[PDB]
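Numbering (my numbering), first residue to last: 231 to 387. C-beta atoms are modelled at their ideal positions from N, C-alpha and C, and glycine is treated no differently. Below: one structure, written as structure tokens.
Right, here's the structure in full:
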């Protein structure tokens, strides 16, 4: 199964290998046991070239894993700025919620990725989105002391 191979190559950042598999018919929307697609894994790991290749192949940019995470959730959490931007351009739902109501903005704020927070805001991230605990990204920012993020978030309110 070429999908299972594309998943591993995407995670491993094996560009030539990803290239070969897709050039040879690999299912770009292959899912692993946890619902990750190659786009999730590449986005999480920071493999930009692979991300772009998958997107152009029409990979579902808003695919959800078993917990509702989109590739944008992962890139934003991990702090991969270039990947976040590429995902957004490809139509990523910037306000996608996971099973706990976490948006990419929540995750970026929680993690302290200011640059990503700003980029998410420009793409129309909802600063008022609440998670399962009724917390907004602003709340998460205060709860990690991310004051630069807290301020950016409050100005976008």
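{"Asked": "8 angstroms contact criterion, which residue 354 and residue 324 should meet: CB distance rounded", "Found": "6 angstroms"}
{"Asked": "Check whether residue 252 and residue 283 have beta carbons under 8 angstroms apart", "Found": "yes"}
{"Asked": "Residue 385, enclosing alpha helix (DSSP H) - first and last residue", "Found": "377 to 385"}
{"Asked": "Residue 275 - containing alpha helix (DSSP H), residue span", "Found": "268 to 275"}
{"Asked": "Beta-carbon proximity check, residue 237 vs residue 271, cutoff 8 angstroms", "Found": "yes"}
{"Asked": "Inter-residue Cα distance where the pair is residue 265 and residue 380", "Found": "32 angstroms"}
{"Asked": "Under 8 angstroms between C-beta atoms of residue 293 and residue 267", "Found": "yes"}
{"Asked": "Residue 326 vs residue 300 beta-carbon contact at 8 angstroms", "Found": "yes"}
{"Asked": "Whether residue 256 touches residue 306 by CB criterion (8 angstroms)", "Found": "no"}
{"Asked": "Where residue 361 sits in the DSSP three-state scheme", "Found": "coil"}
{"Asked": "Contacting residues, own chain, Cβ-Cβ under 7 angstroms from residue 280 (five flanking each side not counted)", "Found": "240, 243, 245, 248 and 272"}
{"Asked": "Simplified DSSP assignment, three categories, for residue 315", "Found": "helix"}
{"Asked": "Bounding residues of the alpha helix (DSSP H) (the contiguous stretch that carries residue 235)", "Found": "232 to 242"}
{"Asked": "Residue 382 versus residue 348 - alpha carbon distance", "Found": "7 angstroms"}
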